[PDB]
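As structure tokens, the next two blocks hold two forms of the same chain, structure 1 and structure 2.
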Structure 1
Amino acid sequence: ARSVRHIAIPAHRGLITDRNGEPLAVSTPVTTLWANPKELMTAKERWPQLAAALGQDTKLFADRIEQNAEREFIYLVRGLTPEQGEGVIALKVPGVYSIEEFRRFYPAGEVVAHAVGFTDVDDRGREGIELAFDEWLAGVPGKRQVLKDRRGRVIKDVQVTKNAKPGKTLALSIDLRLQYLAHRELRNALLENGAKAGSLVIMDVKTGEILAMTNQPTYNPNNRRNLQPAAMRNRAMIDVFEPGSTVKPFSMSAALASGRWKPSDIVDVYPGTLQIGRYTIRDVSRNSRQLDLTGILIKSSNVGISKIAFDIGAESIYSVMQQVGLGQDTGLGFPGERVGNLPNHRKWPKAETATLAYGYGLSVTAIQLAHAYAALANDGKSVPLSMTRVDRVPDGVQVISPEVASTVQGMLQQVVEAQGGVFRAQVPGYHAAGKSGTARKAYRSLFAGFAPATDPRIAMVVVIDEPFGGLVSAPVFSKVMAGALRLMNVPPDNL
């Protein structure tokens, strides 16, 4: 009696590197021992020795084999070293066989854990890039057709072995050097402030490339035995929050594009509150009367952006926020990535208009906020997001007019640089631009910005759990932007 089995030959999984060729996921040959239980069952006297070699409990091992006595294949140990494998084969236990497999290892470990993600016990991607690019990376298994007896041993092949085709190499957009910098500074900020979680995204505003994307807590993908759910969250891509004051720049972009506001136009925000029906809008800083558009950003005046929003209508604000991708499906095709929500109310009442304009009327991810700021930095042109290295840059879409984008860039440079501004976000050597806010989901300190002002190269978002924006997250923007700019050999623009 017979059977014909088709056997899959494992294909070498494609190498993942960072944009510079540094190894992030490597399929490395391992020896895994498997057994044909029908054969093993004829050599029970060998089991205890086999089990000792496997460092396995004799009872559990024996039970597992008896449990599987009618199967022709089970694994004994996977991902051993060649040496260790041969140690066991030398035992010459009937029904024990060795095969070359490929096991994934992650050389950068926790540093790029969430972005790279990892594979299953079957070498199929299950988080991050490994998941998103599985087909590119996996290649195609080879096939043997094997004639087997009822033991069931291989009698012969019944056709030519069809060799596996290796997966393809993949270079990420991530620059491991920037990734590491962001990773460490985020972590220090958390430790200092007694906060539990945070994210940090760095984008190339010219190419759409995600140069860094780090979250805390994080985890070691090479050892996932004591994992906790909170550590596995790729927060940059899956935590959503109301961005608050960080989207005022997009509200201002609508104001400018409306034809009705110039940067130097004034709004009276005294006495720092504004009664809307039953509701009261309140500024945190309430020592202002007249503020120009830049002053509204500096003071984070909710009252101010609200009065502007009442003037230009929420539709225009919605349109800018949508075009820059806030709450939109600019997804890179990572299963599970969040889109957030930018409700198209179509007609907004005062309350909703105001709440949208000062950023508590939408939810976004850190990645969208970074991409939005990248378009702004890129003279209003949005280059499509990428987590893989971009050699041929796609044409951008003009989502904010170049003139409005340049104008808002200048205002944001002032919130960082001007008196009463977010001085802690200043980056020595460069003109930096950006905006603080308090995100809500539970509050988080936010800072979002880009640099250098004169020919922006990167956009960055810092999100930190708050047990304020300009106090907690701003100094992190400063330090990380200071490092990243220099890592990219960006010439200092403060001359």
Structure 2
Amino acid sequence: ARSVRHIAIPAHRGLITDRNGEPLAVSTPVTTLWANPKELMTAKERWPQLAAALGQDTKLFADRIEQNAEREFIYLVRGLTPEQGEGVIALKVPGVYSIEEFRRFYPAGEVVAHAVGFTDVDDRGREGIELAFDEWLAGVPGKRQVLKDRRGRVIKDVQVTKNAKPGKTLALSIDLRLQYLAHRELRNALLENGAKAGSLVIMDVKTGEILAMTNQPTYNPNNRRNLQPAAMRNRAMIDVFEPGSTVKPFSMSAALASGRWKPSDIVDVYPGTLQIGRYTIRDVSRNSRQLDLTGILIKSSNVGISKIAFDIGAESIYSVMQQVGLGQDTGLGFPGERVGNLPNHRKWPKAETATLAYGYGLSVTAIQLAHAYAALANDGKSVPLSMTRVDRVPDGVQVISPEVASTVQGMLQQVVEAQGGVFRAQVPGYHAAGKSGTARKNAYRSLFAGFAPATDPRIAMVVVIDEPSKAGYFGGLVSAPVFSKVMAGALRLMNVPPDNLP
């Protein structure tokens, strides 16, 4: 006859900003319309105007009400503007009710779609930060007591038994200015090279903060009608790859820490191949005999790094890679984040020793690679990763000795600045450091990973471009130019003083 029931009071989802307070996700007030069929059934002459207001066929609308004439609740539509919300309310139909709800808008849209993420139809987080910090952002909902009659007509609002608590504001580590630069330059590299996909990550080597994370393809998270799923992949965090030659500096770190190698030591790489039973190690350029350790990185000799790997043992290389976080949990607690794999064999045969040392037989993400380079640039100290603005920097872990990291930094500066090096990664006005890669998946992954300024490193960056088709595929020519252009702008946006001085 008269029954007490409780209706959920939706809560306003917390504002997401970039590190500078620019809005990235905002809760917009929407109006949801529900109906009591049992009441609607007493006012059928109003139905047609309501169907039209909801853009529905009059017969399909009517059929649906009749089919649910037993129920006391149905959604009519979720998530109208309050202006179109009022339109339907004006129609004054018995048994139509309104709930005030919230809809996310993403001001920056596709520029930061993967990082910021997406909410489902219930305003819960579903991809990216929205998912990872859903508990922070969501906000516990409210409860109001209503009286209903036996037909389920809402007679009376009685009281609020639990206040809605709004979700909490969250400032990302992302800098929208760098995020826009990275986005623009990665899109243009994708189109210039007719490539299938790519990622670019920018990290603060001192604070562990991710300043930019971008992927192609991307999508407009404000356009909830397409949802092409391949464009929704946050590739920087969920696509694993063999990193190939971008891990040679970690091989070189193991070599320098072994006590068996100094930078001026020499390896004979002639004739640019080496038989390992069934396997044959090949250098792309084979006009070399004696190379020093720096030369082995400038020419990316697989023969040279392999011979060093045989001398020092796979264990020492595995150890460095594990300590800098290759194939390791990032601690970011993004659900569905990929960890890849760094297989720890007890002893390694020669084949597996060589392939590890030049970046096959492990799987990593662009974010792990960027983090690893961050530790190398930060004098061998790994600072924990963050996707949220860091006020108080947590203690880092010394994973490579400062002398060794300093020495390898210098070698990577030579990889960029030396005769026959990756000149396309040069950053006019600054000393930049890094290493190119070109990985087989004929299908190629183009890689460049590095940091700047070499004098006092601030920024680590990774560029991954999947299946370039138009103009070659070497990391040194496809990805290096992107690193150059994004590092040119990012350093200046952060007011990092040019270090290419007397």
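What we label the rigid core is the largest C-alpha set whose atoms superpose within 1.5 Å from one form to the other. Here, a residue number simply tells you its place in the sequence of structure 1, counted from 1.
- In a core superposition between structures 1 and 2, the Cα of 74 is the only one among 266, 74, 393, 351 shifting by 2 Å or more.
- In the core-superposed comparison between structures 1 and 2, the C-alpha atom of residue 419 has shifted by less than 2 angstroms.
- Residue displacement note: residue 145 has its CA displaced by at least 2 Å between structures 1 and 2 (rigid core superposed).
- In the core-superposed comparison between structures 1 and 2, the C-alpha atom of residue 315 has shifted by less than 2 angstroms.
- On a core-based overlay, residue 178 has a Cα shift of 0.3 Å between structures 1 and 2.
- Core-aligned Cα shift between structures 1 and 2 at residue 157: this is 5.2 Å.
- Lined up on the core, residue 58 has its CA atom moved by 1.5 Å between structures 1 and 2.
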